Structures are given as structure tokens and as C-alpha cells.
$ cat upload_21.tsv   # TSV, N, CA and C atoms
chain	number	residue	atom	x	y	z
X	11	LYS	N	69.27	22.46	-52.78
X	11	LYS	CA	70.72	22.83	-52.83
X	11	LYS	C	71.57	21.57	-52.98
X	12	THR	N	72.65	21.63	-53.76
X	12	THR	CA	73.60	20.51	-53.93
X	12	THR	C	74.40	20.26	-52.65
X	13	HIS	N	74.53	21.27	-51.79
X	13	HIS	CA	75.29	21.14	-50.52
X	13	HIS	C	74.47	21.70	-49.37
X	14	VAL	N	74.64	21.13	-48.18
X	14	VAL	CA	73.89	21.57	-46.98
X	14	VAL	C	74.91	21.68	-45.84
X	15	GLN	N	74.89	22.81	-45.14
X	15	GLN	CA	75.74	23.05	-43.95
X	15	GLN	C	75.13	22.27	-42.80
X	16	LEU	N	75.91	21.35	-42.24
X	16	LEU	CA	75.46	20.57	-41.07
X	16	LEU	C	76.51	20.68	-39.98
X	17	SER	N	76.07	20.56	-38.73
X	17	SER	CA	76.94	20.47	-37.53
X	17	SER	C	76.69	19.10	-36.89
X	18	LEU	N	77.64	18.16	-37.05
X	18	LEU	CA	77.42	16.75	-36.67
X	18	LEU	C	77.95	16.52	-35.26
X	19	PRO	N	77.14	15.94	-34.36
X	19	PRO	CA	77.65	15.61	-33.03
X	19	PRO	C	78.66	14.47	-33.12
X	20	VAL	N	79.82	14.65	-32.49
X	20	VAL	CA	80.90	13.65	-32.48
X	20	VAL	C	80.66	12.78	-31.25
X	21	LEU	N	80.49	11.48	-31.45
X	21	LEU	CA	80.14	10.52	-30.36
X	21	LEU	C	81.35	9.64	-30.05
X	22	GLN	N	81.52	9.27	-28.78
X	22	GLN	CA	82.47	8.22	-28.35
X	22	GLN	C	81.91	6.87	-28.80
X	23	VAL	N	82.73	6.02	-29.41
X	23	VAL	CA	82.26	4.73	-29.95
X	23	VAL	C	81.56	3.91	-28.87
X	24	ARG	N	82.05	3.94	-27.62
X	24	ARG	CA	81.41	3.11	-26.55
X	24	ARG	C	80.05	3.62	-26.11
X	25	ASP	N	79.68	4.86	-26.46
X	25	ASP	CA	78.35	5.42	-26.14
X	25	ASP	C	77.33	5.06	-27.21
X	26	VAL	N	77.78	4.69	-28.39
X	26	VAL	CA	76.83	4.58	-29.51
X	26	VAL	C	75.84	3.44	-29.28
X	27	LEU	N	74.55	3.72	-29.37
X	27	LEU	CA	73.52	2.70	-29.12
X	27	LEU	C	73.16	1.94	-30.39
X	28	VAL	N	73.20	2.59	-31.54
X	28	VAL	CA	72.79	1.95	-32.81
X	28	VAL	C	73.99	2.05	-33.74
X	29	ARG	N	74.66	0.94	-33.96
X	29	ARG	CA	76.09	0.95	-34.37
X	29	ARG	C	76.18	0.85	-35.90
X	30	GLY	N	75.09	1.08	-36.60
X	30	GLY	CA	75.15	1.22	-38.07
X	30	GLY	C	73.79	1.55	-38.60
X	31	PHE	N	73.70	1.67	-39.92
X	31	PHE	CA	72.51	2.17	-40.60
X	31	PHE	C	71.72	1.04	-41.29
X	32	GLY	N	72.24	-0.17	-41.35
X	32	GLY	CA	71.51	-1.24	-42.04
X	32	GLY	C	72.43	-2.27	-42.63
X	33	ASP	N	71.91	-3.01	-43.59
X	33	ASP	CA	72.44	-4.36	-43.88
X	33	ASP	C	73.04	-4.46	-45.28
X	34	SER	N	72.95	-3.41	-46.09
X	34	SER	CA	73.48	-3.42	-47.47
X	34	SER	C	74.14	-2.08	-47.71
X	35	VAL	N	75.06	-2.01	-48.67
X	35	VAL	CA	75.72	-0.72	-49.02
X	35	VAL	C	74.63	0.29	-49.40
X	36	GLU	N	73.67	-0.13	-50.23
X	36	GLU	CA	72.65	0.83	-50.72
X	36	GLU	C	71.81	1.33	-49.54
X	37	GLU	N	71.47	0.44	-48.60
X	37	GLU	CA	70.60	0.81	-47.45
X	37	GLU	C	71.35	1.78	-46.54
X	38	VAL	N	72.61	1.51	-46.27
X	38	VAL	CA	73.35	2.34	-45.28
X	38	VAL	C	73.55	3.74	-45.86
X	39	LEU	N	73.88	3.86	-47.15
X	39	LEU	CA	74.01	5.19	-47.78
X	39	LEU	C	72.67	5.92	-47.79
X	40	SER	N	71.58	5.21	-48.07
X	40	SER	CA	70.20	5.75	-48.04
X	40	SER	C	69.86	6.29	-46.65
X	41	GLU	N	70.07	5.46	-45.64
X	41	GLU	CA	69.66	5.79	-44.25
X	41	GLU	C	70.56	6.91	-43.73
X	42	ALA	N	71.85	6.87	-44.03
X	42	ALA	CA	72.79	7.93	-43.60
X	42	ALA	C	72.27	9.27	-44.15
X	43	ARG	N	71.92	9.29	-45.44
X	43	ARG	CA	71.47	10.54	-46.08
X	43	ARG	C	70.16	11.01	-45.45
X	44	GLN	N	69.23	10.11	-45.17
X	44	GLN	CA	67.96	10.48	-44.48
X	44	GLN	C	68.26	11.05	-43.08
X	45	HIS	N	69.09	10.38	-42.28
X	45	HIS	CA	69.45	10.85	-40.91
X	45	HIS	C	70.19	12.20	-40.97
X	46	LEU	N	71.05	12.41	-41.97
X	46	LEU	CA	71.71	13.73	-42.15
X	46	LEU	C	70.66	14.81	-42.43
X	47	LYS	N	69.68	14.54	-43.29
X	47	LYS	CA	68.60	15.51	-43.59
X	47	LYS	C	67.81	15.79	-42.30
X	48	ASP	N	67.52	14.76	-41.47
X	48	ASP	CA	66.59	14.83	-40.31
X	48	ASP	C	67.31	15.32	-39.04
X	49	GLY	N	68.62	15.55	-39.11
X	49	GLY	CA	69.42	16.01	-37.96
X	49	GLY	C	69.59	14.93	-36.90
X	50	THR	N	69.55	13.67	-37.31
X	50	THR	CA	69.61	12.51	-36.39
X	50	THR	C	70.85	11.65	-36.73
X	51	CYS	N	71.93	12.26	-37.18
X	51	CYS	CA	73.17	11.54	-37.57
X	51	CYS	C	74.32	11.99	-36.70
X	52	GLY	N	75.07	11.05	-36.13
X	52	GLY	CA	76.30	11.32	-35.39
X	52	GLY	C	77.53	10.90	-36.14
X	53	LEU	N	78.68	11.32	-35.66
X	53	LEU	CA	79.99	11.05	-36.28
X	53	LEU	C	80.87	10.42	-35.22
X	54	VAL	N	81.56	9.33	-35.56
X	54	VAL	CA	82.59	8.73	-34.68
X	54	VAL	C	83.93	8.87	-35.39
X	55	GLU	N	84.88	9.46	-34.70
X	55	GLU	CA	86.24	9.64	-35.25
X	55	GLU	C	86.93	8.29	-35.24
X	56	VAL	N	87.60	7.98	-36.35
X	56	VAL	CA	88.17	6.63	-36.60
X	56	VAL	C	89.57	6.63	-35.98
X	57	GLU	N	89.80	5.69	-35.07
X	57	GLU	CA	91.13	5.38	-34.51
X	57	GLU	C	91.18	3.87	-34.34
X	58	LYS	N	92.36	3.38	-33.98
X	58	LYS	CA	92.60	1.95	-33.69
X	58	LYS	C	91.48	1.47	-32.78
X	59	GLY	N	90.80	0.42	-33.20
X	59	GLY	CA	89.82	-0.33	-32.39
X	59	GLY	C	88.41	0.18	-32.57
X	60	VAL	N	88.23	1.31	-33.25
X	60	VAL	CA	86.85	1.87	-33.43
X	60	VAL	C	86.04	1.01	-34.39
X	61	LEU	N	86.49	0.76	-35.62
X	61	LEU	CA	85.60	0.14	-36.64
X	61	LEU	C	85.14	-1.26	-36.23
X	62	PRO	N	85.97	-2.13	-35.59
X	62	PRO	CA	85.47	-3.44	-35.19
X	62	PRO	C	84.34	-3.37	-34.14
X	63	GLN	N	84.16	-2.22	-33.49
X	63	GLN	CA	83.09	-2.00	-32.48
X	63	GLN	C	81.81	-1.50	-33.16
X	64	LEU	N	81.86	-1.20	-34.46
X	64	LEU	CA	80.66	-0.77	-35.22
X	64	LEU	C	80.24	-1.84	-36.22
X	65	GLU	N	79.08	-1.66	-36.82
X	65	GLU	CA	78.45	-2.68	-37.68
X	65	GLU	C	78.74	-2.33	-39.13
X	66	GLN	N	79.19	-3.30	-39.90
X	66	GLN	CA	79.25	-3.14	-41.38
X	66	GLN	C	77.89	-3.38	-42.01
X	67	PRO	N	77.59	-2.84	-43.21
X	67	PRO	CA	78.48	-1.90	-43.90
X	67	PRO	C	78.65	-0.56	-43.16
X	68	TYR	N	79.84	0.03	-43.26
X	68	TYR	CA	80.18	1.36	-42.70
X	68	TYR	C	79.81	2.46	-43.70
X	69	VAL	N	79.45	3.63	-43.18
X	69	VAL	CA	79.34	4.87	-44.00
X	69	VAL	C	80.36	5.86	-43.50
X	70	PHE	N	81.29	6.27	-44.35
X	70	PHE	CA	82.28	7.31	-43.98
X	70	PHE	C	81.86	8.66	-44.54
X	71	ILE	N	82.25	9.73	-43.85
X	71	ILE	CA	82.39	11.05	-44.50
X	71	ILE	C	83.86	11.28	-44.81
X	72	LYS	N	84.10	11.68	-46.06
X	72	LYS	CA	85.44	11.87	-46.64
X	72	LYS	C	85.52	13.28	-47.24
X	73	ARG	N	86.63	13.95	-47.04
X	73	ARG	CA	86.86	15.34	-47.52
X	73	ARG	C	86.84	15.32	-49.06
X	74	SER	N	86.02	16.17	-49.67
X	74	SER	CA	85.76	16.12	-51.13
X	74	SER	C	86.55	17.22	-51.83
X	75	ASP	N	87.18	18.12	-51.06
X	75	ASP	CA	87.83	19.35	-51.59
X	75	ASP	C	88.68	20.00	-50.48
X	76	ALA	N	89.69	20.82	-50.86
X	76	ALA	CA	90.63	21.55	-49.97
X	76	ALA	C	90.26	23.04	-49.91
X	79	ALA	N	86.91	25.26	-47.50
X	79	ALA	CA	86.08	24.97	-46.30
X	79	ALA	C	85.15	26.14	-46.03
X	80	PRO	N	84.11	26.34	-46.88
X	80	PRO	CA	83.22	27.49	-46.76
X	80	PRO	C	82.60	27.67	-45.37
X	81	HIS	N	82.79	28.85	-44.77
X	81	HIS	CA	82.16	29.29	-43.50
X	81	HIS	C	82.61	28.41	-42.32
X	82	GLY	N	83.77	27.73	-42.43
X	82	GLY	CA	84.29	26.78	-41.43
X	82	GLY	C	83.87	25.33	-41.70
X	83	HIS	N	82.97	25.11	-42.67
X	83	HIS	CA	82.39	23.78	-43.01
X	83	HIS	C	83.24	23.07	-44.07
X	84	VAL	N	83.84	21.94	-43.71
X	84	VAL	CA	84.64	21.09	-44.64
X	84	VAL	C	83.68	20.43	-45.63
X	85	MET	N	83.99	20.47	-46.92
X	85	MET	CA	83.12	19.81	-47.92
X	85	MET	C	83.40	18.31	-47.88
X	86	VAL	N	82.34	17.54	-47.77
X	86	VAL	CA	82.44	16.07	-47.56
X	86	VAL	C	81.47	15.38	-48.50
X	87	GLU	N	81.78	14.12	-48.79
X	87	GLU	CA	80.83	13.18	-49.41
X	87	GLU	C	80.85	11.82	-48.70
X	88	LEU	N	79.83	11.04	-48.99
X	88	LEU	CA	79.62	9.70	-48.38
X	88	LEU	C	80.31	8.63	-49.22
X	89	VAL	N	81.05	7.74	-48.54
X	89	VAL	CA	81.59	6.48	-49.12
X	89	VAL	C	81.24	5.32	-48.19
X	90	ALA	N	80.66	4.24	-48.70
X	90	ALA	CA	80.31	3.06	-47.89
X	90	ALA	C	81.41	2.02	-48.03
X	91	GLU	N	81.52	1.12	-47.05
X	91	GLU	CA	82.51	0.03	-47.07
X	91	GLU	C	81.87	-1.26	-46.56
X	92	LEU	N	82.10	-2.36	-47.27
X	92	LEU	CA	81.60	-3.70	-46.87
X	92	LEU	C	82.68	-4.72	-47.26
X	93	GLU	N	83.19	-5.46	-46.27
X	93	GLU	CA	84.20	-6.56	-46.45
X	93	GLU	C	85.34	-6.02	-47.31
X	94	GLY	N	85.81	-4.82	-46.97
X	94	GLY	CA	87.05	-4.24	-47.52
X	94	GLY	C	86.87	-3.63	-48.89
X	95	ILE	N	85.64	-3.52	-49.38
X	95	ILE	CA	85.38	-2.83	-50.68
X	95	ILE	C	84.61	-1.54	-50.39
X	96	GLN	N	85.06	-0.44	-51.00
X	96	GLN	CA	84.46	0.91	-50.85
X	96	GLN	C	83.67	1.24	-52.11
X	97	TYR	N	82.59	1.95	-51.89
X	97	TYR	CA	81.59	2.31	-52.92
X	97	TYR	C	81.54	3.82	-52.89
X	98	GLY	N	82.26	4.38	-53.85
X	98	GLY	CA	82.67	5.78	-53.85
X	98	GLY	C	84.17	5.90	-53.75
X	99	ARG	N	84.63	7.06	-54.14
X	99	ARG	CA	86.05	7.44	-54.14
X	99	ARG	C	86.08	8.89	-53.67
X	100	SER	N	86.84	9.19	-52.63
X	100	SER	CA	86.92	10.57	-52.09
X	100	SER	C	88.22	10.73	-51.30
X	101	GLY	N	88.32	11.80	-50.52
X	101	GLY	CA	89.55	12.16	-49.77
X	101	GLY	C	89.60	11.52	-48.40
X	102	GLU	N	90.34	12.16	-47.51
X	102	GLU	CA	90.62	11.68	-46.14
X	102	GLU	C	89.30	11.50	-45.37
X	103	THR	N	89.22	10.43	-44.58
X	103	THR	CA	88.08	10.16	-43.68
X	103	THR	C	88.06	11.17	-42.53
X	104	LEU	N	86.92	11.82	-42.29
X	104	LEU	CA	86.66	12.67	-41.10
X	104	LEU	C	86.03	11.82	-39.99
X	105	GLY	N	85.37	10.73	-40.36
X	105	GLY	CA	84.83	9.76	-39.38
X	105	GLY	C	83.79	8.85	-39.99
X	106	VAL	N	83.18	8.02	-39.15
X	106	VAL	CA	82.17	7.04	-39.58
X	106	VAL	C	80.83	7.53	-39.03
X	107	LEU	N	79.79	7.50	-39.86
X	107	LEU	CA	78.46	8.00	-39.48
X	107	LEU	C	77.71	6.90	-38.77
X	108	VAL	N	76.92	7.29	-37.76
X	108	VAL	CA	76.01	6.37	-37.06
X	108	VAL	C	74.71	7.14	-36.81
X	109	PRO	N	73.60	6.44	-36.57
X	109	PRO	CA	72.42	7.09	-36.01
X	109	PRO	C	72.77	7.77	-34.70
X	110	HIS	N	72.18	8.93	-34.50
X	110	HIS	CA	72.17	9.64	-33.20
X	110	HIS	C	70.79	9.49	-32.56
X	111	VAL	N	70.77	8.92	-31.38
X	111	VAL	CA	69.51	8.68	-30.63
X	111	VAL	C	69.61	9.32	-29.24
X	112	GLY	N	70.37	10.41	-29.10
X	112	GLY	CA	70.43	11.18	-27.83
X	112	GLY	C	71.71	11.01	-27.04
X	113	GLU	N	72.68	10.27	-27.55
X	113	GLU	CA	74.03	10.23	-26.92
X	113	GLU	C	74.58	11.65	-26.77
X	114	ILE	N	75.26	11.91	-25.66
X	114	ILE	CA	75.95	13.21	-25.43
X	114	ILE	C	77.24	13.25	-26.23
X	115	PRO	N	77.40	14.25	-27.13
X	115	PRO	CA	78.61	14.37	-27.93
X	115	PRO	C	79.78	14.93	-27.12
X	116	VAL	N	80.98	14.76	-27.68
X	116	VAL	CA	82.22	15.37	-27.13
X	116	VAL	C	82.61	16.62	-27.91
X	117	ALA	N	82.02	16.83	-29.09
X	117	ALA	CA	82.40	17.94	-29.98
X	117	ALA	C	81.38	17.93	-31.12
X	118	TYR	N	81.46	18.96	-31.94
X	118	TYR	CA	80.70	19.09	-33.20
X	118	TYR	C	81.69	19.22	-34.34
X	119	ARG	N	81.35	18.63	-35.48
X	119	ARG	CA	82.15	18.70	-36.74
X	119	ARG	C	81.28	19.42	-37.77
X	120	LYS	N	81.66	20.64	-38.15
X	120	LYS	CA	80.95	21.44	-39.18
X	120	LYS	C	81.34	20.88	-40.54
X	121	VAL	N	80.36	20.44	-41.33
X	121	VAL	CA	80.61	19.90	-42.69
X	121	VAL	C	79.65	20.58	-43.65
X	122	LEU	N	80.06	20.62	-44.90
X	122	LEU	CA	79.20	20.98	-46.05
X	122	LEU	C	78.98	19.69	-46.83
X	123	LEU	N	77.79	19.09	-46.72
X	123	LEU	CA	77.54	17.73	-47.28
X	123	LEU	C	77.08	17.87	-48.72
X	124	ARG	N	77.82	17.26	-49.65
X	124	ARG	CA	77.32	17.06	-51.03
X	124	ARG	C	76.09	16.13	-50.95
X	125	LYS	N	74.91	16.68	-51.29
X	125	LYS	CA	73.58	16.04	-51.16
X	125	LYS	C	72.98	15.86	-52.56
$ encode --input "upload_21.tsv" --output "C-alpha cells"
Amino acid sequence: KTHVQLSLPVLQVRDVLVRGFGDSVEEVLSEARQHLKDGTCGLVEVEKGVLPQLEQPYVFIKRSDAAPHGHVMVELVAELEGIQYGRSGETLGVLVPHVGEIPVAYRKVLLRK
């Protein structure tokens, strides 16, 4: 399927144990997509002071369209030293590995895969 319904655990930035997916734009997009498939991906909502507490390159989920079955359609955009790789809509948050942190909420998304 071109899209997959996922329910992403929303994590507090200070709880996150593994603060990024790797060391290059290509690696972080690769690893984010693998963790999304494996159900091992969390979401951190972006506010003042969040991104400097995480590791670059960043992987964002961004709204790709204006919401089947409650699931917002999203795609992945990576960022490294102020350059983004991809073009999409509003940020829903930054993706991180999930390794058992307790979430505060779930974000229903339809991921363009």
C-alpha cells in the first residue's frame, strides 16, 4: 500500500532515550521509515527548546494534504544544518526511536510509504 495507518506514541522530549535515527539525511529517513514499519517510532511535538535537545539530522512528519478515518496524511522531511530534504506542509512533530518510553498521547497518521 502507498499509505499505512499508524498510531504514533507522543513522547516528552526529556524522556527520550535515543534522540535521533543516525548521522546522515539518507540514514535518518531510512531508519525512520524502518521504525515506522516495525512499530518502534515515537513522535515529539515541536515547541521552543525541543529541537536543540534532539540530535541532527532531524526527521519531521509534515501534513501532506487537508484526514481518512481520523488519520492525518503525512510525509517525511529531514533537516540538517538548516537545510530540508523534502517539501511538505505543517510539522506534526519530530520522529525518534521508541524504546519503551511512556507516551502522553497518540497521533493517528496515514503515512505516505
$ select_by_dssp --input "upload_21.tsv" --residues "range 12-123 of chain X" --states "strand (DSSP E or B)" --output "PyMOL selection string"
chain X and resi 13-20+51-54+68-73+84-92+95-97+103-109+117-123
$ residues_near_point --input "upload_21.tsv" --point "(80.9, 17.2, -51.5)" --cutoff "6.5 Å" --atoms "all atoms listed in the file" --output "PDB file with N, CA and C atoms, in the frame of the given file"
ATOM      1  N   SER X  74      86.020  16.170 -49.670  1.00  0.00           N
ATOM      2  CA  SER X  74      85.760  16.120 -51.130  1.00  0.00           C
ATOM      3  C   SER X  74      86.550  17.220 -51.830  1.00  0.00           C
ATOM      4  N   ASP X  75      87.180  18.120 -51.060  1.00  0.00           N
ATOM      5  CA  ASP X  75      87.830  19.350 -51.590  1.00  0.00           C
ATOM      6  C   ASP X  75      88.680  20.000 -50.480  1.00  0.00           C
ATOM      7  N   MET X  85      83.990  20.470 -46.920  1.00  0.00           N
ATOM      8  CA  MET X  85      83.120  19.810 -47.920  1.00  0.00           C
ATOM      9  C   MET X  85      83.400  18.310 -47.880  1.00  0.00           C
ATOM     10  N   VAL X  86      82.340  17.540 -47.770  1.00  0.00           N
ATOM     11  CA  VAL X  86      82.440  16.070 -47.560  1.00  0.00           C
ATOM     12  C   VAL X  86      81.470  15.380 -48.500  1.00  0.00           C
ATOM     13  N   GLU X  87      81.780  14.120 -48.790  1.00  0.00           N
ATOM     14  CA  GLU X  87      80.830  13.180 -49.410  1.00  0.00           C
ATOM     15  C   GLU X  87      80.850  11.820 -48.700  1.00  0.00           C
ATOM     16  N   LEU X 122      80.060  20.620 -44.900  1.00  0.00           N
ATOM     17  CA  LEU X 122      79.200  20.980 -46.050  1.00  0.00           C
ATOM     18  C   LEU X 122      78.980  19.690 -46.830  1.00  0.00           C
ATOM     19  N   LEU X 123      77.790  19.090 -46.720  1.00  0.00           N
ATOM     20  CA  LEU X 123      77.540  17.730 -47.280  1.00  0.00           C
ATOM     21  C   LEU X 123      77.080  17.870 -48.720  1.00  0.00           C
ATOM     22  N   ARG X 124      77.820  17.260 -49.650  1.00  0.00           N
ATOM     23  CA  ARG X 124      77.320  17.060 -51.030  1.00  0.00           C
ATOM     24  C   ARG X 124      76.090  16.130 -50.950  1.00  0.00           C
ATOM     25  N   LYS X 125      74.910  16.680 -51.290  1.00  0.00           N
ATOM     26  CA  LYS X 125      73.580  16.040 -51.160  1.00  0.00           C
ATOM     27  C   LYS X 125      72.980  15.860 -52.560  1.00  0.00           C
TER      28      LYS X 125
END
$ closest_residue --input "upload_21.tsv" --among "X:14, X:42, X:64, X:84" --to "residue 101 in chain X" --atoms "only C-alpha atoms"
X:84
$ atom_distance --input "upload_21.tsv" --atom1 "CA of residue 39 in chain X" --atom2 "atom C of residue 113 in chain X"
22.0 Å
$ atom_distance --input "upload_21.tsv" --atom1 "atom C of residue 114 in chain X" --atom2 "atom C of residue 51 in chain X"
10.9 Å
$ closest_atom_pairs --input "upload_21.tsv" --of "range 60-98 of chain X" --to "range 22-38 of chain X" --cutoff "8 Å" --atoms "only C-alpha atoms" --output "CSV"
residue,atom,partner,partner_atom,distance
X:60,CA,X:23,CA,6.4
X:63,CA,X:23,CA,7.2
X:64,CA,X:29,CA,5.0
X:65,CA,X:30,CA,5.1
X:66,CA,X:30,CA,6.8
X:67,CA,X:35,CA,5.9
X:68,CA,X:30,CA,6.8
X:69,CA,X:38,CA,6.6
X:90,CA,X:35,CA,6.1
X:91,CA,X:35,CA,7.1
X:92,CA,X:35,CA,6.9
X:97,CA,X:35,CA,7.7
$ write_last_selection --input "upload_21.tsv" --atoms "N, CA and C atoms" --output "JSON list (two decimals), keeping the file's coordinate frame"
[["chain", "number", "residue", "atom", "x", "y", "z"],
["X", 60, "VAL", "N", 88.23, 1.31, -33.25],
["X", 60, "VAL", "CA", 86.85, 1.87, -33.43],
["X", 60, "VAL", "C", 86.04, 1.01, -34.39],
["X", 63, "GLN", "N", 84.16, -2.22, -33.49],
["X", 63, "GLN", "CA", 83.09, -2.00, -32.48],
["X", 63, "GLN", "C", 81.81, -1.50, -33.16],
["X", 64, "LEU", "N", 81.86, -1.20, -34.46],
["X", 64, "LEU", "CA", 80.66, -0.77, -35.22],
["X", 64, "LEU", "C", 80.24, -1.84, -36.22],
["X", 65, "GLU", "N", 79.08, -1.66, -36.82],
["X", 65, "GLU", "CA", 78.45, -2.68, -37.68],
["X", 65, "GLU", "C", 78.74, -2.33, -39.13],
["X", 66, "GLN", "N", 79.19, -3.30, -39.90],
["X", 66, "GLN", "CA", 79.25, -3.14, -41.38],
["X", 66, "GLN", "C", 77.89, -3.38, -42.01],
["X", 67, "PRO", "N", 77.59, -2.84, -43.21],
["X", 67, "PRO", "CA", 78.48, -1.90, -43.90],
["X", 67, "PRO", "C", 78.65, -0.56, -43.16],
["X", 68, "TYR", "N", 79.84, 0.03, -43.26],
["X", 68, "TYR", "CA", 80.18, 1.36, -42.70],
["X", 68, "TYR", "C", 79.81, 2.46, -43.70],
["X", 69, "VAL", "N", 79.45, 3.63, -43.18],
["X", 69, "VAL", "CA", 79.34, 4.87, -44.00],
["X", 69, "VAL", "C", 80.36, 5.86, -43.50],
["X", 90, "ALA", "N", 80.66, 4.24, -48.70],
["X", 90, "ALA", "CA", 80.31, 3.06, -47.89],
["X", 90, "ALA", "C", 81.41, 2.02, -48.03],
["X", 91, "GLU", "N", 81.52, 1.12, -47.05],
["X", 91, "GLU", "CA", 82.51, 0.03, -47.07],
["X", 91, "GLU", "C", 81.87, -1.26, -46.56],
["X", 92, "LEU", "N", 82.10, -2.36, -47.27],
["X", 92, "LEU", "CA", 81.60, -3.70, -46.87],
["X", 92, "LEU", "C", 82.68, -4.72, -47.26],
["X", 97, "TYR", "N", 82.59, 1.95, -51.89],
["X", 97, "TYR", "CA", 81.59, 2.31, -52.92],
["X", 97, "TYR", "C", 81.54, 3.82, -52.89]]
$ atom_distance --input "upload_21.tsv" --atom1 "CA of residue 93 in chain X" --atom2 "CA of residue 72 in chain X"
18.5 Å
$ closest_residue --input "upload_21.tsv" --among "X:89, X:121, X:104, X:21" --to "residue 53 in chain X" --atoms "only N, CA and C atoms"
X:21
$ select_by_dssp --input "upload_21.tsv" --residues "chain X" --states "helix (DSSP H, G or I)" --output "PyMOL selection string"
chain X and resi 23-25+35-48+61-63+80-82
$ write_last_selection --input "upload_21.tsv" --atoms "N, CA and C atoms" --output "short mmCIF file (atom, residue, chain, number, x, y, z; two decimals), in the frame of the given file"
data_model
loop_
_atom_site.label_atom_id
_atom_site.label_comp_id
_atom_site.auth_asym_id
_atom_site.auth_seq_id
_atom_site.Cartn_x
_atom_site.Cartn_y
_atom_site.Cartn_z
N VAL X 23 82.73 6.02 -29.41
CA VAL X 23 82.26 4.73 -29.95
C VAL X 23 81.56 3.91 -28.87
N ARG X 24 82.05 3.94 -27.62
CA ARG X 24 81.41 3.11 -26.55
C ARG X 24 80.05 3.62 -26.11
N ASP X 25 79.68 4.86 -26.46
CA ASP X 25 78.35 5.42 -26.14
C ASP X 25 77.33 5.06 -27.21
N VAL X 35 75.06 -2.01 -48.67
CA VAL X 35 75.72 -0.72 -49.02
C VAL X 35 74.63 0.29 -49.40
N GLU X 36 73.67 -0.13 -50.23
CA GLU X 36 72.65 0.83 -50.72
C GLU X 36 71.81 1.33 -49.54
N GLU X 37 71.47 0.44 -48.60
CA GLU X 37 70.60 0.81 -47.45
C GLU X 37 71.35 1.78 -46.54
N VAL X 38 72.61 1.51 -46.27
CA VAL X 38 73.35 2.34 -45.28
C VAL X 38 73.55 3.74 -45.86
N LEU X 39 73.88 3.86 -47.15
CA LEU X 39 74.01 5.19 -47.78
C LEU X 39 72.67 5.92 -47.79
N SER X 40 71.58 5.21 -48.07
CA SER X 40 70.20 5.75 -48.04
C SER X 40 69.86 6.29 -46.65
N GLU X 41 70.07 5.46 -45.64
CA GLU X 41 69.66 5.79 -44.25
C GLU X 41 70.56 6.91 -43.73
N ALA X 42 71.85 6.87 -44.03
CA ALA X 42 72.79 7.93 -43.60
C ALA X 42 72.27 9.27 -44.15
N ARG X 43 71.92 9.29 -45.44
CA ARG X 43 71.47 10.54 -46.08
C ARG X 43 70.16 11.01 -45.45
N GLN X 44 69.23 10.11 -45.17
CA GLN X 44 67.96 10.48 -44.48
C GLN X 44 68.26 11.05 -43.08
N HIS X 45 69.09 10.38 -42.28
CA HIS X 45 69.45 10.85 -40.91
C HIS X 45 70.19 12.20 -40.97
N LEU X 46 71.05 12.41 -41.97
CA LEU X 46 71.71 13.73 -42.15
C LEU X 46 70.66 14.81 -42.43
N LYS X 47 69.68 14.54 -43.29
CA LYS X 47 68.60 15.51 -43.59
C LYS X 47 67.81 15.79 -42.30
N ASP X 48 67.52 14.76 -41.47
CA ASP X 48 66.59 14.83 -40.31
C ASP X 48 67.31 15.32 -39.04
N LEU X 61 86.49 0.76 -35.62
CA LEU X 61 85.60 0.14 -36.64
C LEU X 61 85.14 -1.26 -36.23
N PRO X 62 85.97 -2.13 -35.59
CA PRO X 62 85.47 -3.44 -35.19
C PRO X 62 84.34 -3.37 -34.14
N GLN X 63 84.16 -2.22 -33.49
CA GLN X 63 83.09 -2.00 -32.48
C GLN X 63 81.81 -1.50 -33.16
N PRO X 80 84.11 26.34 -46.88
CA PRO X 80 83.22 27.49 -46.76
C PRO X 80 82.60 27.67 -45.37
N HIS X 81 82.79 28.85 -44.77
CA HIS X 81 82.16 29.29 -43.50
C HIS X 81 82.61 28.41 -42.32
N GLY X 82 83.77 27.73 -42.43
CA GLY X 82 84.29 26.78 -41.43
C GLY X 82 83.87 25.33 -41.70
#
$ axis_aligned_box --input "upload_21.tsv" --around "range 18-29 of chain X" --padding-each-side "6 Å" --output "lines of an AutoDock Vina configuration file"
center_x = 77.8
center_y = 9.5
center_z = -31.6
size_x = 21.9
size_y = 29.3
size_z = 22.9
$ closest_residue --input "upload_21.tsv" --among "X:59, X:50, X:16, X:70" --to "residue 106 in chain X" --atoms "only N, CA and C atoms"
X:70
$ closest_residue --input "upload_21.tsv" --among "X:56, X:61, X:80, X:117" --to "residue 103 in chain X" --atoms "all atoms listed in the file"
X:56
$ closest_residue --input "upload_21.tsv" --among "X:19, X:62, X:98, X:49" --to "residue 120 in chain X" --atoms "only C-alpha atoms"
X:19
$ closest_residue --input "upload_21.tsv" --among "X:83, X:110, X:119, X:99" --to "residue 13 in chain X" --atoms "only C-alpha atoms"
X:83
$ residues_around --input "upload_21.tsv" --residues "residue 118 in chain X" --least-positions-apart "5" --cutoff "6.5 Å" --atoms "only N, CA and C atoms" --output "list in words"
residues 17, 18, 19 and 20 of chain X
